[PDB]
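What follows is one chain in C-alpha cells, specifically the form solved without the partner chain.
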C-alpha cells in the first residue's frame, strides 16, 4: 500500500517500495548501532537525508488522497531559545506548494499548501509541565491522513488528535524530493530520532492506522521507557506505573532485608520550560544473561534472566524464598555468591498469546514454576516488592497494575542529572 518504504536493509538506508526512489545520506547522519532503523538528525548542516522520488509518485493533484506515517523521539526542550521557534524537519515543499512536517516547543505541525498560496495546518500539542509524559523524548507513532474532499487529520499513537478542512485547497504540486533535515532551528544542540517513514497513496482509516501502530511496535521485544529495545547489562532506574510517586529502595541487603517503594519521588525543572517528576531515582536494575548464548544485548519476550540490583555501588541478586508464607513473596537483595537455592530466574514479558502489557517480570522457582509477576504489596504501610501469582490471573484486564514497570536508562534527551 506504501509508495515509499524507508528501511535500513543491508548496510544502507533504502526504499523498499516498488518505485525504489533514490536516497542521499549526508555525512552527519547517525544510525543507532543496535537498531540502524533509528535515525538521528542533528541541527547540523550535513546531517540530512534526501529522498529523490520517482517522477511517477510525485504528488501533483486536486483530488488524490494520501497519508504519511513515522515514529519520532523528540528530546525535551531545555531552554528559552526553543520557545516560539517552529523549525521544519521533513520537507516536501517546492515553490511554496506541497507538504511538510514541523516542530516547535511542545508541538508537531503538519502543513499543506496548494499552488495558489492557500494552506492549512494541523497540530499536535503536548505539555512539558507534567509528572510523566507519554510523549517527551519517547518514541511516538505519528500518522497524518489527507482526504482532498474534506479533512486532513493528525494521529498520535493511533488516536485522532485533531483535524482540519482542506477541501478549499486547489491543485497541490509537492516536491520531487523529500528533505529530512532540521531547518530553521535556533537550538544548536537540537536533534530528533526518527524511523519507519512511510508514504501512502490513500487516506488511511482508523483500523489501518492501528494495525500499522501495533505491527511497527515489534511487540516481541521489550522496550525501555524511551521506547528503545530493552538491553542486558544496562543500568535502569525503575518506575512503577501503579504508584509513580515512589521509587525502589533497599531496607537492608540480605535474605532478612527487603526491597520497597520509598518516600516522595522528586521533581526536575527549569523554570518556565519544564517541570516533571524525577526519573533517575532509586536502586538501579541490571538485566543479566541466564543460560543464553545471546549474541546481541536485546531482551526478547520470553527470555529467562537474572536481575541484579545496585545498592551503594555494589551489585546484588534479586531473589526470594518461595517457601515464605503467603501469596505475595517479599523480594530481597542477595549477595550473589550466596543465592543458593533461592528463586531468582525471571521470565521477561512484553505480551500475553495476547496483546501488550506493562507487567514484564514473572519470577520463577527453581522448578520452572510461576511464583508470580514482580510488583508490590502493602505490609503495614510499607510497600515491599513481591512476586505474586495474583497478578498473573488479573492480567482479564490490560489496565495499569502493581506489576506494571518501566525501565529508564540515562538519556541525553531527558537532561536530568543523575545521583
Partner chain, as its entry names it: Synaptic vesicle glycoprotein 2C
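Numbering follows the first chain given and starts at 1.
What comes next is about the form solved in complex with the partner chain, which does not appear here.
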>> Only one of 285, 110, 135, 274 gets a heavy atom within 4.5 Å of the partner chain in the entry with it bound. Which one?
In response: 274
>> Only one of 195, 223, 349, 281 gets a heavy atom within 4.5 Å of the partner chain in the entry with it bound. Which one?
In response: 281
> Taking heavy atoms and a 4.5 Å cut-off, does residue 131 contact the partner chain in the entry with it bound?
Replying inline: no
>> Taking the partner chain as it sits in the entry with it bound, is residue 177 in contact with it (heavy atom to heavy atom, 4.5 Å or less)?
In response: no
> Would residue 267 sit within 4.5 Å of the partner chain in the entry with it bound, counting heavy atoms only?
Replying inline: yes
> Taking heavy atoms only, is residue 258 within 4.5 angstroms of the partner chain in the entry with it bound?
Replying inline: no
> Counting only heavy atoms and a 4.5 Å cutoff, which of 83-91, 329-337, 259-267, 113-121 contacts the partner chain in the entry with it bound?
Replying inline: 259-267
